[PDB]
Amino acid sequence: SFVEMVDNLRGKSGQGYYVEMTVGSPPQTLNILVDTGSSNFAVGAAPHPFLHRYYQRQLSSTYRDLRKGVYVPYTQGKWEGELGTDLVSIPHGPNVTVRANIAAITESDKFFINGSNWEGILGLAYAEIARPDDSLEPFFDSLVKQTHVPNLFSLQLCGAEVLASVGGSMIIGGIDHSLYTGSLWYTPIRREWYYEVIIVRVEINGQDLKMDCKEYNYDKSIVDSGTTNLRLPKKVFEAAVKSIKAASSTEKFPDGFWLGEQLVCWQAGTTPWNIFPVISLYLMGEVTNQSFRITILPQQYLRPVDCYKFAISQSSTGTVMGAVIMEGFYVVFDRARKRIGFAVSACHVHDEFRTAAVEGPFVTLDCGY
Ligand SMILES: CCn1cc([C@]2(c3cccc(-c4cncnc4)c3)N=C(N)N(C)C2=O)cn1
C-alpha cells in the first residue's frame, strides 16, 4: 500500500512536517509532527491559543486512563499532561489501528507553534529517552508489536506573504523504491535512544575541515526530523561558517545572517546559489573503516522565508542533522537492522550544475564520544 502513503506529510517551512492521524473512537482527526528526535506520542488535550483543535478524551469511548502524570521540561520550553492509552490510526499510512500510549498535554509553554497546523507530536525515537521513563512504550514500538508491520520506516522530506508549504512522505514498514535514485548507503545506529550516528569527516566545497572526528560527534550526532537546521558543535560550527564565508566572499552579509537570525534577500531567481559551497557529511559505514558522504546544496541550508535564512546554527548538545539535511534525501530508519540509509531523493531541489548526492565507499584507514 506504499502508493497510498506517498505525500502523506505536510508542513510550513521551519515549522516541522506533520502527518494526519486519528485518535479515539469515533476517530478524532489531528495533524501530528513527525519527530525522529523524541519518543513520546503527545497531543494537545486542552485549549491553547495556538491550537484550533485538540484531543478530547471524554469524547472517546476507547480511551483508558493510566492515572499517571508526566512533566516534560526542556531547554527551550515545556509540556505537561496526563498519560492514557487510546486507539490510533494513520489514515494515509499502514491500514491498521493500534492501542498506543498517549500523553494528553493539558499545559505547555513555548511548545506549540503559531500557525504550524499540527496539534501533537509523534516521537519516533526509542524508549530510552521517553518521558517519564523508558517503561512508556513509544508509538512505533506498539505499532510493530501489535501488527505485522516490519520494524522500519522511511522519511522523504521534500521541503518547498505566507510561509512556504512543504510536502513529503512517511513510508512505514518498507522501502518505496520510487522515492529515491541510485544506491542506499547505511550508517549504523550507534545507540538506540536518539537515532544516533557517527560523522567521520566533513568538507565544505571539497575542503576537509580537518578536525579530530570526535569533534563531529561531540557529544553526539543525531538524525532529527524535529529540528529544522543543521546544528553543529560550537568548534565545528565556527569552522564551518568561516569556510563558508570564504567560499562566498564576493558579496558580503551581516553576521546577523550568519547567526541564522537574520534573513537576506534577492528578487526573483537572482539568487547566487553558485556563490555558496556544497557541504559533505561523511557518515560511518556498516564496514568499520568505510564511510559514505551525503552532500547537501545551498538550496538546503539557505531556508526560504526571495528571502533566505542561514539554516546552520550552533549546538551545545552535539550535531543535529535536521530537516535541511534530510530534505536532499530518502532516509530509511531501518530499526530492524539498527541502521539508517541515505539515498538521493526523487524530490530534492537542485540546479543544472549541482545535485545532492550520496556516494561511497570512502575508506578512512574512534569517532564517538
Ligand atoms: C523532550 C521535549 N521535546 C522537544 C521536542 C522537539 C520539538 C518540540 C516542539 C516543536 C518542535 C519543532 C519541530 N520542527 C520545527 N519547529 C519546531 C520540536 N523535537 C525535537 N526533535 N526537538 C529538537 C525539539 O525541541 C519534542 N519533545
Side-chain angles (χ1 to χ4, degrees), residues 9-19 30-45 48 50-51 54 70-81 83 101-105 107-134 136 138-140 155 157-160 163-168 170 193-197 219-233 260-261 300 303-305 309 311-327 331 333 340:
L9 310 179
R10 275 298 181 277
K12 296 296 173 216
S13 169
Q15 291 184 330
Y17 291 77
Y18 59 81
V19 60
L30 302 164
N31 285 337
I32 305 292
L33 179 71
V34 176
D35 185 14
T36 66
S38 69
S39 305
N40 280 89
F41 184 48
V43 307
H48 185 279
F50 298 157
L51 294 186
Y54 60 80
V70 56
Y71 313 97
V72 189
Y74 63 103
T75 291
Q76 320 140 53
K78 167 145 171 141
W79 66 261
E80 157 190 1
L83 285 175
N101 286 314
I102 305 178
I105 304 143
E107 285 193 352
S108 67
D109 184 12
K110 280 176 86 215
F111 177 77
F112 302 107
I113 300 178
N114 192 11
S116 69
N117 198 47
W118 50 264
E119 290 97 22
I121 291 196
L122 170 71
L124 289 166
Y126 300 89
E128 187 179 284
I129 59 176
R131 306 308 210 92
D133 53 53
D134 61 3
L136 189 72
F139 173 83
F140 204 86
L155 292 174
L157 309 182
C158 295
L163 275 167
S165 73
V166 295
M170 180 177 66
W193 57 329
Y194 298 97
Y195 288 99
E196 177 172 351
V197 293
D219 69 310
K220 66 183 182 289
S221 286
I222 61 166
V223 184
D224 186 13
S225 62
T227 292
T228 300
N229 280 2
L230 172 60
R231 307 193 55 228
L232 298 175
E261 33 87 318
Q300 288 158 263
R303 182 169 65 78
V305 152
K309 286 195 170 185
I312 308 178
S313 57
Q314 180 166 327
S315 185
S316 310
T317 52
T319 293
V320 186
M321 298 165 65
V324 293
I325 279 267
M326 298 180 65
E327 289 175 358
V331 185
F333 293 75
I340 297 181

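Note that the numbering runs from 1 along the sequence shown for the chain. Just so it is clear, the values below take in all heavy atoms, side chains as well, and ignore hydrogens, waters and symmetry mates. One-based numbering, in listed order, for ligands and for the atoms of each.
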Review point. Mind checking whether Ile222 and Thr319 have side chains closer than 4.5 Å, heavy atoms only?
Key: no

Practice item. Give the residue and atom name of whichever protein heavy atom lies nearest to atom 19 (N) of ligand 1, and the separation in Å to one decimal. Key: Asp35 OD2, 2.7 Å

Exercise for review: Classify the ring geometry between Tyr126 and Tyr195 as parallel (under 30°), tilted (30 to 60°) or perpendicular (over 60°).
Suggested key: tilted

Review point. Is the shortest distance from a heavy atom of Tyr18 to ligand 1 less than 4.0 Å?
Key: no

Review point. Do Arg10 and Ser165 have side-chain N/O donor and acceptor atoms under 3.5 Å apart?
Key: no

Review point. Does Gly14 reach ligand 1, in the sense of a heavy atom lying below 4.0 Å from it?
Key: yes

Revision key, fill the gap. Atom 21 (N) of ligand 1: closest protein heavy atom, distance to 0.1 Å, is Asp224 OD2, 2.7 Å

Revision key, fill the gap. Checking heavy atoms under 4.0 Å, the part of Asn40 that sits near ligand 1 is neither

Practice item. Please examine the side chains of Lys309 and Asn229, heavy atoms only from C-beta on, and report whether any two atoms are closer than 4.5 Å. Key: no

Check your understanding: Of the listed options (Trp79, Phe111, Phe112, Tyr17), which comes nearest to atom 9 (C) of ligand 1 when hydrogens are ignored and any heavy atom counts?
Key -> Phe111

Point to revise | ring-ring contact (aromatic ring centres under 6.0 Å, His included) evaluation trace for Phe50 with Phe111 | key: CA-CA 10 Å; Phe50 298 157; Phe111 177 77; over 10 Å; no

Review point. Looking at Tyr71, does the NZ or CZ of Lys78 lie under 6.0 angstrom from its six-membered ring centre and within 45 degrees of the ring axis?
Key: no

Exercise for review: Number the atoms of ligand 1 from 1 as they appear, then name those within less than 4.0 Å of a heavy atom of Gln76, with their elements.
Suggested key: 25 (O)

Check your understanding: Judged by atom type as modelled, is there a donor-acceptor pair below 3.5 Å linking the side chain of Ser315 to the main-chain atoms of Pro233?
Key -> no

Check your understanding: By number and element, which atoms of ligand 1 are closer than 4.0 Å to a non-hydrogen atom of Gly37?
Key -> 21 (N)

Practice item. Give the residue, atom name and distance (to 0.1 Å) of the protein heavy atom nearest atom 18 (C) of ligand 1. Key: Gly226 O, 3.4 Å

Exercise for review: Could you tell me which atoms of ligand 1, counted from 1 in the order shown, lie closer than 4.0 angstrom to a heavy atom of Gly16?
Suggested key: 14 (N), 15 (C)

Review point. Of the backbone atoms (N, CA, C, O) and the side-chain heavy atoms from C-beta on, which set of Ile113 has a member under 4.0 Å from an atom of ligand 1: side chain, backbone, both, or neither?
Key: side chain

Point to revise | Proximal ligand 1 atoms for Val72, defined as those under 4.0 Å from one of its heavy atoms | key: 1 (C), 2 (C)

Review point. Are any side-chain N or O atoms of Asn31 and backbone N or O atoms of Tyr18, one a donor and one an acceptor, separated by less than 3.5 Å?
Key: no

Review point. Are any non-hydrogen side-chain atoms of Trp79 and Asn40 less than 4.5 angstrom apart?
Key: yes

Review point. What is the distance from atom CD of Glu80 to atom CD1 of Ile105, rounded to the nearest 0.5 Å?
Key: 10.5 Å

Exercise for review: May I ask you to list the atoms of ligand 1 that are less than 4.0 angstrom from any heavy atom of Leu33?
Suggested key: 13 (C)

**Study point:** Structural part of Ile121 in contact with ligand 1, heavy atom criterion under 4.0 angstrom
**Key:** side chain

Review point. Taking non-hydrogen atoms only, is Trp118 closer than 4.0 angstrom to ligand 1 via side chain, backbone, both or neither?
Key: side chain

Check your understanding: Can you tell me which residue and heavy atom of the protein come closest to atom 2 (C) of ligand 1, and the distance to 0.1 Å?
Key -> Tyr74 CD2, 3.6 Å

Practice item. Taking only heavy atoms of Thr227 into account, list the atoms of ligand 1 that are under 4.0 Å away from them. Key: 23 (C)

Practice item. Answer yes or no: does atom CD of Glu128 have more than 12 heavy-atom neighbours from other residues, nucleotides or ligands under 6.0 Å? Key: yes

Exercise for review: Write out the residue and atom name of the closest protein heavy atom to atom 27 (N) of ligand 1, then the distance separating them to 0.1 Å.
Suggested key: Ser38 CB, 3.9 Å

